[PDB]
Amino acid sequence: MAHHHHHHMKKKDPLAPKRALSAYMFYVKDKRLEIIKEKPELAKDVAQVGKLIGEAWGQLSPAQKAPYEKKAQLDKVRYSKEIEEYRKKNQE
């Protein structure tokens, strides 16, 4: 199973429990995927996209930040701990 089409790498986490992406990642991938679909030219501008995220955040309002943060945290925590114990007691 070593072809040019499919390369050996971490494409997904099949050895992990059930869980969905967190608000944090959602926003990140959202803004990025959006800037790419609408502007695929700068899609190869890691620095650009990054600056956009940081700026939008530091200049974001408490309305969306409230839930975005609360969810991002609760999710990041629950997920972190979840996978933490699972991984520690995985491949048994």
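Residues numbered from 1 in each chain as written, not as in the entry; some residues may be left out. Heavy atoms only, no water.

Its PDB header names solution NMR as the technique used to obtain the model.

**Here's the deal with the environment of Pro-17**
Stated formally: Going along the chain from the N terminus, every DSSP run of H or I of four or more residues is numbered as a helix, and every run of E of two or more is numbered as a strand. Exposure categories follow from relative accessible area, calculated using a 1.4 Å probe and restricted to protein chains: below 20% of the type maximum is buried, above 50% is exposed, and the middle band is partly exposed.
Relative to the elements of secondary structure, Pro-17 occurs in the segment before α1 (23-38). A relative accessible area of 23% means that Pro-17 is categorised as partly exposed. In sequence terms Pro-17 and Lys-89 are 72 residues apart; their C-alpha atoms lie 12 Å from each other.

**Some words on the packing of aromatic side chains**
What counts is decided by this rule: Any pair of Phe, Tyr and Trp rings, taking the six-membered ring for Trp, is counted once the centres come within 6.5 Å. Such a pair is stacked with planes under 30 degrees apart, edge-to-face with planes over 60 apart, and tilted for the rest.
Tallied over the full model, the rule gives one aromatic pair. Residues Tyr-27 and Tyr-68 carry aromatic rings whose centres are separated by 5.4 Å and whose planes lie at 65 degrees to one another, so their mutual orientation is edge-to-face. One end of the pair, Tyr-27, is in helix α1; the other, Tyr-68, is in helix α3 (residues 62-88), and 41 residues separate them in sequence. Given the relative accessible area of 23%, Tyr-27 is considered partly exposed. Taking relative accessible area as the criterion, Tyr-68 reaches 15% and is therefore assigned buried.

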